[PDB]
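Peer 1: Quick one: the structure is below, and I'll ask about it shortly.
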Amino acid sequence: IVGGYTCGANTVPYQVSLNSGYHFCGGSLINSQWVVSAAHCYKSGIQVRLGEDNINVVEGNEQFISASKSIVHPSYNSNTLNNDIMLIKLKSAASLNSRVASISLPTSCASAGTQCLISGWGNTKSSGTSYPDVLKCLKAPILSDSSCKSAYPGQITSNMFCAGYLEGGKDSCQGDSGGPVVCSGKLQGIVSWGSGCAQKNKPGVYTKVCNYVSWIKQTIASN
Ligand SMILES: CC[C@@H]1[C@@H]2[C@H](C(=O)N1Cc1ccc3c(c1)OCO3)[C@H](c1ccc(C(=N)N)cc1)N1CCC[C@@H]21
Ligand SMILES: [Ca+2]
Numbered sequence: 045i046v047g048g049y050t051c052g053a054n055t056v057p058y059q060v061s062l063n064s065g066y067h068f069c070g071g072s073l074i075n076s077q078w079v080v081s082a083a084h085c086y087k088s089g090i091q092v093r094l095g096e097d098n099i100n101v102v103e104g105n106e107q108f109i110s111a112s113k114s115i116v117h118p119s120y121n122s123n124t125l126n127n128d129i130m131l132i133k134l135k136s137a138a139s140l141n142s143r144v145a146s147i148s149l150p151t152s153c154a155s156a157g158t159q160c161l162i163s164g165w166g167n168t169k170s171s172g173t174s175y176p177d178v179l180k181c182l183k184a185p186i187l188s189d190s191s192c193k194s195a196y197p198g199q200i201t202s203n204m205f206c207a208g209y210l211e212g213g214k215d216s217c218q219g220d221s222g223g224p225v226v227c228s229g230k231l232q233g234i235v236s237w238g239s240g241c242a243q244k245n246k247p248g249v250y251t252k253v254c255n256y257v258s259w260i261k262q263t264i265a266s267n
């Protein structure tokens, strides 16, 4: 997260760290046995880490749970990043509490100007790599489709939206991928891609989760 603020420990209880010996992606807990992340975060050997603040220190409230399966959207396209979403099933159900909790799926898509909360443990600088220990937070609005498509002509599908600041200086970045964009208490986005981080006129692009709710529900029901 570039230009954000320290969330505070366990203030974002649905936030997850995907770990393979190191943090590589975020995710969101959507019930006690399933996580939503980005398709481009796919790998084998994923451990899900719940209840984290400092990812480098065991502080209490952590639960480490292996992924038993990862389900990349079958129409995910690695070139265009269309359908950049993946479901992860936990080996065992998480123990839900004040500090470990699920986030609701949306019943409707969010409109432009909706202010959202984006969080993660990714890079906090644009040019240069500085990773935080603790979870960072950023408040950012959803941009209009017209502004999104003028920023990234020809690259924006109906399954994507832009959020952030055209003036720059505030954005998600490397390591934030697959993390949550939560607006009015519902999961509306997944950190997917962008052009650098926090560059002027290059806002972040996010998977539009409201387009996948039935897929999510049908997939979880059958697995
Ligand atoms: C694996 C994808 C990679 C991903 C994300 C991204 O931007 N990519 C580049 C990419 C790939 C294909 C594309 C694309 C961008 O635009 C159209 O098609 C991602 C990324 C980069 C920048 C932001 C951001 N500024 N909000 C958000 C996510 N990077 C960081 C680490 C993983 C890598
Ligand atoms: Ca920790």
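Here the numbering used here is used: the first residue of the sequence shown is 45, the next is one more, and so on.
Heads up, the beta-carbon is just placed ideally off N, CA and C, and yes, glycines get one too.
#1: Assign residue 165 to one of three DSSP states: helix, strand, or coil.
#2: Beta-carbon separation of residue 219 and residue 164 under 8 Å?
#3: Give me the DSSP bridge partner(s) of residue 143.
#4: What are the boundary residues of the beta strand (DSSP E) that includes residue 193?
#5: For residue 92, which residues does DSSP report across the bridge?
#6: With respect to 7 Å, is the separation between the Cβ of residue 235 and the closest non-hydrogen atom of ligand 1 below this value?
#7: CB of residue 203 to nearest heavy atom of ligand 2: below 7 Å?
#8: Could you tell me the distance, in whole angstroms, from the CA atom of residue 58 to the CA atom of residue 160?
#9: Would residue 230 and residue 174 qualify as a contact pair, given that the criterion is a beta-carbon distance under 8 Å?
#10: How far does the alpha helix (DSSP H) with residue 260 in it reach, from first residue to last?
#11: Would you check whether ligand 1 has a heavy atom nearer than 7 Å to the C-beta of residue 245?
#12: Out of 260, 199, 236 and 183, which one is the CA nearest neighbour of residue 46?
#13: Using only the heavy atoms of ligand 2, determine whether one of them is closer than 7 Å to the beta carbon of residue 102.
Peer 2: On the basis of the data shown:
#1: coil
#2: yes
#3: In the DSSP output, where bridge partners are listed per residue, residue 143 has none listed.
#4: Not the beta strand (DSSP E): residue 193 falls in the alpha helix (DSSP H), residues 189 to 195.
#5: 62 and 109
#6: yes
#7: no
#8: 15 Å
#9: no
#10: 257 to 265
#11: no
#12: 183
#13: yes
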